[PDB]
């Protein structure tokens, strides 16, 4: 595992999230599930908790965008960059943007939302790119057909617990 410079991390244990908009690619409740599922992955191995907001600014703002959206890093059309997120902090920090020029799916027939979400939210919680090929933080998005087999790798667990520790009890 690897962490950002000056090891940015949330100084609080309870974080809020907000799904700013929805993609035409999927039913709305499939986006919610993917996100809440992605949150569970991290929540389970740390004392971190999450709650949802539908107004105001949440710690982690989630949205779907195309090309040039609200920042200095415009998306790039089909394929390649799938999504991007900011390390812990105020404002756009912790925020996660997803490229809609991809076909987001609940399965592996295009770009699986849950898988990329899990990855991006890694970045939101302070994790950088791992060198371990079997890790979720590894920069390689494979069309991991076997979602049925997915398991957070010990490397990812090590890295997130380095910042927030194991669950309370």
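Positions refer to the first chain, counted from 1.
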Can you let me know which of the two, 135-143 or 41-49, has the higher average C-alpha B-factor in the entry? 135-143
Going by the B-factors listed in the PDB entry, is the mean over the C-alpha atoms higher for 64-72 or for 100-108? 64-72
Please place residue 113 in the lowest, middle or highest third of its chain according to the CA B-factor in the PDB entry. highest
Among the modelled residues of its chain, the C-alpha B-factor of residue 31 falls in the third labelled highest
Going by the recorded CA B-factors, say which third of the chain residue 9 sits in, lowest, middle or highest. middle
Taking the values exactly as deposited, rank residue 158 by C-alpha B-factor within its chain and report the matching third: lowest, middle or highest. middle
Considering every modelled residue of the chain and its Cα B-factor in the PDB entry, is residue 23 in the lowest, middle or highest third? middle
